[PDB]
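First the structure, in the form of structure tokens, and then the observations on it.
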Amino acid sequence: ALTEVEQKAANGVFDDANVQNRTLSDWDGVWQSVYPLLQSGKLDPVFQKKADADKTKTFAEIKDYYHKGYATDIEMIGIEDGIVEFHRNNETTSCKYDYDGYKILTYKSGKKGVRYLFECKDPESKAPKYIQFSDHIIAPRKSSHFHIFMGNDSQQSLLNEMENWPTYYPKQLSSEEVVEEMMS
Ligand SMILES: [Zn+2]
Ligand SMILES: [Zn+2]
Ligand SMILES: [Zn+2]
Ligand SMILES: [Zn+2]
Ligand SMILES: [Zn+2]
Ligand SMILES: [Zn+2]
Ligand SMILES: [Zn+2]
Ligand SMILES: [Zn+2]
């Protein structure tokens, strides 16, 4: 359902003038971490497809890359009415996040991506002070899945993080629906 501008942008190619602000509501819903899907072998067909289409890396090497990438103990994330809550160890934290703009990044490959920045200003909240969404979308559209970076140092410290990117899909998807979306 993507305009070809959207299409190329999801592949990391776009001009800075086409990036646009996004509200937190683009991420409304209940989301499952995909790390447990990795840890149970259910994402293995993704890693094997990528391994078979690339001469430089083996299945195990791709699997280890995404094991590092997806690792997190935030199992679920719920987003609604301006509030993000993070599920961890049978407890949640939550905050009403304020939008703080976006940041356009150029990866070492030459591909580009956009991070959408939010900040918690609730002295009562125990949620992360800074979060960043990144989901291969650069202008308003309901997200299909997202990477999130979370931290309590600064937004810049998050901008530096390129190895760990907890990734989330809608709760209702089965592991096979997740695998199918990932192979596209
Ligand atoms: Zn620019
Ligand atoms: Zn090797
Ligand atoms: Zn709730
Ligand atoms: Zn509502
Ligand atoms: Zn919970
Ligand atoms: Zn991605
Ligand atoms: Zn790190
Ligand atoms: Zn996708």
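Every chain in the structure tokens has a letter given in the order shown (A, B, ...), and although residue numbers restart at 1 in each chain, ligands are simply numbered from 1 in the order shown.
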
Pull the closest atom pair for each residue of segment 82-117 of chain A that gets at most 10 Å from segment 147-161 of chain A, along with the distance in Å to one decimal, counting only C-alpha atoms, ordering rows by chain and then ascending residue number, as JSON lines.
```
{"residue": "A:100", "atom": "CA", "partner": "A:155", "partner_atom": "CA", "distance": 9.6}
{"residue": "A:103", "atom": "CA", "partner": "A:159", "partner_atom": "CA", "distance": 8.4}
{"residue": "A:104", "atom": "CA", "partner": "A:159", "partner_atom": "CA", "distance": 9.8}
{"residue": "A:105", "atom": "CA", "partner": "A:159", "partner_atom": "CA", "distance": 8.3}
{"residue": "A:115", "atom": "CA", "partner": "A:159", "partner_atom": "CA", "distance": 8.3}
{"residue": "A:116", "atom": "CA", "partner": "A:148", "partner_atom": "CA", "distance": 9.5}
{"residue": "A:117", "atom": "CA", "partner": "A:155", "partner_atom": "CA", "distance": 7.7}
```

For the selection you just gave me, I'd like the residues written to a file as a compact mmCIF listing (two decimals), in the first residue's frame, keeping N, CA, C and O atoms.
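Okay, result-v7.txt is ready:
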```txt
# COMPACT_ATOMS: atom_id res chain seq x y z
N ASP A 100 9.93 15.20 20.72
CA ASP A 100 11.08 16.10 20.65
C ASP A 100 11.70 16.10 19.26
O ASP A 100 12.90 16.31 19.11
N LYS A 103 15.47 12.81 14.12
CA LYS A 103 16.88 12.92 13.76
C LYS A 103 17.12 12.01 12.58
O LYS A 103 16.80 10.82 12.65
N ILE A 104 17.67 12.56 11.52
CA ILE A 104 18.03 11.80 10.34
C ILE A 104 19.46 11.32 10.51
O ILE A 104 20.37 12.12 10.75
N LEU A 105 19.65 10.02 10.33
CA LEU A 105 20.94 9.37 10.47
C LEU A 105 21.37 8.79 9.14
O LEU A 105 20.54 8.29 8.36
N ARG A 115 14.94 8.63 13.06
CA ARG A 115 14.53 8.28 14.41
C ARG A 115 13.61 9.36 14.94
O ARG A 115 13.87 10.55 14.76
N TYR A 116 12.50 8.93 15.55
CA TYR A 116 11.50 9.84 16.09
C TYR A 116 11.66 9.84 17.60
O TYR A 116 11.55 8.78 18.24
N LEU A 117 11.94 11.01 18.16
CA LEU A 117 12.42 11.13 19.53
C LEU A 117 11.29 11.55 20.45
O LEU A 117 10.46 12.39 20.08
```

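A distance cut-off of 10 Å from ligand 3, applied to only C-alpha atoms and all ligand atoms, picks out the residues residues 30, 77, 78, 79, 80, 83, 84, 85, 86, 87, 92, 93 and 94 of chain A.
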
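Proximity to ligand 7 was assessed for A:72, A:140, A:128, A:169 counting only C-alpha atoms and all ligand atoms; the smallest distance is recorded for A:72.
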
* Set the cut-off to 8 Å, count only C-alpha atoms and all ligand atoms, and list whatever residues fall near ligand 7 as a list in words. => residues 161, 162, 163 and 164 of chain A

Output C-alpha atoms for every residue in that selection, as a compact mmCIF listing (two decimals), in the first residue's frame.
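After the write, result_19.txt holds the following:
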```txt
# COMPACT_ATOMS: atom_id res chain seq x y z
CA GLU A 161 23.38 2.84 19.74
CA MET A 162 23.65 0.75 16.55
CA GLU A 163 23.98 -2.81 17.89
CA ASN A 164 20.90 -3.38 20.07
```

* **Those of segment 23-153 of chain A in DSSP helix (DSSP H, G or I), formatted as a PyMOL selection string** => chain A and resi 24-27+35-39+44-52+59-70

Let me see if you get this right: every residue at most 8 Å from ligand 6, counting only C-alpha atoms and all ligand atoms, written as an mmCIF file with N, CA, C and O atoms, in the first residue's frame.
```cif
data_model
loop_
_atom_site.group_PDB
_atom_site.id
_atom_site.type_symbol
_atom_site.label_atom_id
_atom_site.label_comp_id
_atom_site.auth_asym_id
_atom_site.auth_seq_id
_atom_site.Cartn_x
_atom_site.Cartn_y
_atom_site.Cartn_z
ATOM 1 N N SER A 134 12.029 3.803 15.470
ATOM 2 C CA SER A 134 12.623 3.720 14.137
ATOM 3 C C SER A 134 11.983 2.544 13.417
ATOM 4 O O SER A 134 12.175 1.401 13.830
ATOM 5 N N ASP A 135 11.246 2.803 12.334
ATOM 6 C CA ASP A 135 10.462 1.725 11.741
ATOM 7 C C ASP A 135 10.415 1.793 10.219
ATOM 8 O O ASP A 135 9.447 1.324 9.613
ATOM 9 N N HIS A 136 11.437 2.383 9.590
ATOM 10 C CA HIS A 136 11.545 2.474 8.129
ATOM 11 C C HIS A 136 10.416 3.293 7.516
ATOM 12 O O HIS A 136 10.033 3.082 6.363
ATOM 13 N N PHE A 146 8.188 -1.918 14.917
ATOM 14 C CA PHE A 146 9.146 -0.838 15.115
ATOM 15 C C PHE A 146 10.339 -1.319 15.914
ATOM 16 O O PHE A 146 10.235 -2.268 16.692
ATOM 17 N N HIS A 147 11.480 -0.668 15.692
ATOM 18 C CA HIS A 147 12.601 -0.741 16.615
ATOM 19 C C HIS A 147 12.466 0.404 17.601
ATOM 20 O O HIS A 147 12.067 1.510 17.227
#
```
